[PDB]
Structure formats: structure tokens, C-alpha cells
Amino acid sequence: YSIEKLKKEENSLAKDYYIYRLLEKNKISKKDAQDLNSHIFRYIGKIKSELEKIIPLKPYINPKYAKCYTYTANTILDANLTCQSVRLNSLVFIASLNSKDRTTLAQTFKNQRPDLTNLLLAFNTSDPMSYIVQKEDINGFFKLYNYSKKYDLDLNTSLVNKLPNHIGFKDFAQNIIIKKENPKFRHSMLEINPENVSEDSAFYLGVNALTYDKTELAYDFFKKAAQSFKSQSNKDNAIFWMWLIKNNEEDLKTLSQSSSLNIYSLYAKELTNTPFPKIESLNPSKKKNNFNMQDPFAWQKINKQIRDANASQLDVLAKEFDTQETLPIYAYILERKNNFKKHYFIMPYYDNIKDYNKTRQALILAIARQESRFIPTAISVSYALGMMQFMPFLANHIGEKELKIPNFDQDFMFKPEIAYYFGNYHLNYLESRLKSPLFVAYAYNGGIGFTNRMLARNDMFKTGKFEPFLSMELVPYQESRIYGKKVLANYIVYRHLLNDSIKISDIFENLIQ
């Protein structure tokens, strides 16, 4: 794939990947790189920092306010009033000013921009946050939080109850609760009225409240989350907590009857002797079609059609891809087509794993389902590859140093046989150190580095009233917190389909040390 043929393909993540590959091997000339901003589906991350080593284009400042960026903290009083206010959007700039210039600018702006006045006068004190808090300036609170996480202070009921009306609130609460920072912020958020929050914010405040053993407020927070959540999975997560705290049996029933298949609905079914949910069985009789399941470009194309589709087209696509060769795609289409009400747990390219013990098959299949939905040429935003979504570094270490495959290329990860083989190899590594398939899942996504760090702490995956479920809410990376829960559900299911059932309650017992 020369830069030439790549330019003739539609903008996609596949195209990005391949451009990235030329870049990392230094095969893109400064010539080649000229018209290349335009050819890049997602100009973020390494492809951006890599292309900016060739062409450092680091504009851009708006033609109108160009004058404004010629002033510094020394000459800002020589700037017109528009320029003054523009530069005062940066708390760093404000911090850089001297105090008497802050006093002057503060008077200048008291009328029309008291937001600026409050921050200016705040930075004339030994504690800006404290000044902002006393004024109950909500916009300013968040600007200070984004400027420095290190400010921590008790907040009264009046003030905390106004914080959730700002966009910044959700991430602010998620961050400090999950990171266990800003103790005084956290303590103060116990007095947020549940009426004033919803959805994820309410859920996180439920978790907060548990950590201080305030189970009543936790319940009310979790209840409000249950009633407002958009996704059934999340709603189930919250009903679980409602139940675990108060043990109202109408809550567990509701959860056991959920259309969403997740660890909480699974657990609830097991606690109530409810039968395992229905799993669809896909066996297309037809053998193959044209489609090249090894062409990454074709996946990106067909993936776009599938997402920008309606009744008419979906049904043509479902029938087109109703073959054994294209089964992953068939399921992908069906999953969308029936609006996620049906549960699909295919086992494609089964030959490549049928000889492993059933417990290991389930783990592999569980990872692949979450990683890729078994799409062989799947590529992530970080350029992880194939069904098992290997990062290129790791794929090359295994392929070249460890397993010594002849003529190994990282694009070998697009082969089922290889994906499953390297996955098995890497899962052997992880399971041998971690034991629990939950822990393994955490480490497959976020690395064993952070997994071991988290397990070493004495407030994670130890014993306690609400364990291990609380620890699962406090996994410090969001992507990994979610990943673990989803893969664990898939694991239960696949062990079931493989005739190697386990009670999920036993998984939960062995999460405590």
C-alpha cells in the first residue's frame, strides 16, 4: 500500500492506520505530506503528532483577535477592552498578572463581566477557590477546578446544590470519587439533593455516599439514577444497588426480569431461581459470498452502510451476509436490526479454539465479543488490530520475539487463527498471575501494571459489607471499569453455551482476598 493507492480509498480508520504505518517507517516525504490533513479520517493522537514532525502546522488563532495575543502580563493595560477580556479567559494569564493590575482590571469589569472581576480579585488572595466559593460563582468554581485539581474546600448545601446545573459537574464528580481526591469536595457532595441530579451524576453520588457509609442517601441517589438512566444496563446497575442496600424484593424481581443481559440481571436471575436468558442461535445454511473478510477497507465501507441504514437496507444487508463465511457481519447487522433486544453470542472460527479447555474458550470468546464482535479486520481509534484487538507493540513482541513466526507482520492479527492464538497466549500470561477472569479482563484492557497496582491497595477487592461490588464501581479507569463488567457477563454466557456453567456468585466470592 503506497501513499498513492491509499489516497484513492475513502477516508477511514483503516486508511489512517496504513498512513500511520508509512509515517512510523519514515516513508512519507515532506512532498507526500502536503495534501494529507484532508486524507485523515481522525486527526488525533499519534498520527497527528507524527505528521507534525514532518509539517509542524501549529496555528491557529482567529484572524479577529490576533492583535490580542501580542500583549503580555506587562503590557495588558495598554490593550483595548475587547483584548483585555479575551486574554482574561485564561486563569494562568490571570495568575501571571501583578496584584495592582488585577485590582485595576477588576474595577474595569465589575459592570459587564463580574465573572472576570471575581476571578481577578480571587487571585489577589492566598486562596482563590475560597474566594470563589464565598461568592457562589459556579462558572468560576469549574474554571478553577480545571486550572488546578489541588484546590479542596468544604462547600455548603446551597452551593453544592447549584454545581450540578453546570456541564462540568458530571466529570468533576466522576473524577474525584473514582480517584479518591478532594476529600472535602466529596464530603460536601453528601448534601446534594437527589432531586437536583440524574443519570451518571446521581449514580456516582450514590457510590460517594456508600464510601462514607450513608446508605439512605446512597439509596435515594441510586433510585434517582434508576429512574433517569437512558440505558437498561445502567438502570440495572442502579437497581442492583437499590437492592443491595435496602433488600426490597420488588427491586430484585424487576432486575431479574430485565431485557438487558448484564452481570446484575444475570446475578438477580440466579438469586431468584429464574432461568438463564434466551440466546439466539444463528446457523446460516449458505456457505459464502464475494465479501473479502480479510479486506480492512471493505469492512470500513460495509460498516458505514450498516450504521447509515433503515428497515429497507438492513434487511437487504442481513440477507446478503447470511452466510457462514460472513457470520460475524450477519450477527452485527442482526444485533442493530432488532434494536439490541436479542442476545447474540456467536463462536466464529471455532476450529481454532475447540481443543482448549471450555473455561479458556469462554474467556477468549468473551474478550473477542467485546473487543470486536469478531470482525477479523477490526481497527480501533488507537489502531488495535483484529478480533482480539492487539496493540501493535504487543502483537510484534509475541509474533517476532516469543513465537518467532516467519515473516511476521502485525497485520497477521487480522487472521482469526492468529488472533485467537495470540489471545490464548496472552491470556495464559494474565490468568497465571491474576486468577479471576474479571481481573484478567481488567488487565487485558488497561495492562497488568495498573491491575496489580489496584489489587495491592487495601481498599480494593478486600472484604466489606458491599464487596466486591463497590470495588467494581471504583476501578480508576472508566474504560476498564466498564470493560470488566461486560466481559464478565459474556464469560458467564459463553461458559453456559459451552456446557461449562458456573454460578456468577462464585466469581463474586473469589474476588475477595
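Numbers follow the displayed sequence, beginning with 1. Note that the rigid core is defined as the largest set of C-alphas that superpose within 1.5 Å between two forms.
> Determine, for 306-314 and 410-418, which one has C-alphas that on average lie farther from this form in 8 other deposited structures of this protein; superpose on the rigid core first.
So, of the two stretches, the farther one in 8 other deposited structures of this protein is 306-314.
> After a rigid core fit, does 42-50 or 58-66 show more C-alpha displacement in 8 other deposited structures of this protein?
Comparing 42-50 with 58-66, the larger C-alpha deviation in 8 other deposited structures of this protein belongs to 58-66.
> So 477-485 or 64-72, which one's hotter by mean CA B-factor in the entry?
Per the deposited B-factors, the answer is 64-72.
> Tell me which stretch has the larger mean Cα B-factor in this entry, 75-83 or 436-444.
75-83 has the higher mean C-alpha B-factor.
> Go through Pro183, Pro284, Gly206, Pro376 one by one and give the residue whose Cα B-factor in the PDB entry is largest.
Out of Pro183, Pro284, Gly206, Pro376, the record gives the largest C-alpha B-factor to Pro284.
> Highest Cα temperature factor in the entry, among the options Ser201, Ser312, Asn234, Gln370: which one is it?
Most elevated C-alpha B-factor of the set, per the entry: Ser312.
> Considering every modelled residue of the chain and its Cα B-factor in the PDB entry, is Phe450 in the lowest, middle or highest third?
As the PDB entry reports it, the C-alpha B-factor of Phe450 lands in the middle third of its chain.
> What third of its chain's C-alpha B-factors does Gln34 belong to: lowest, middle or highest?
Its C-alpha B-factor, which the entry lists for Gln34, ranks in the highest third among residues of this chain.
> Taking the C-alpha B-factors as the PDB entry records them, is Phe221 in the lowest, middle or highest third of its chain?
Its C-alpha B-factor belongs to the lowest third of this chain's values.
> Is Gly140 in the lowest, middle or highest third of its chain when residues are ranked by C-alpha B-factor?
Its C-alpha B-factor, which the entry lists for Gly140, ranks in the lowest third among residues of this chain.
> Thinking about Cα B factors across the chain, which third does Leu51 belong to?
Its C-alpha B-factor belongs to the highest third of this chain's values.
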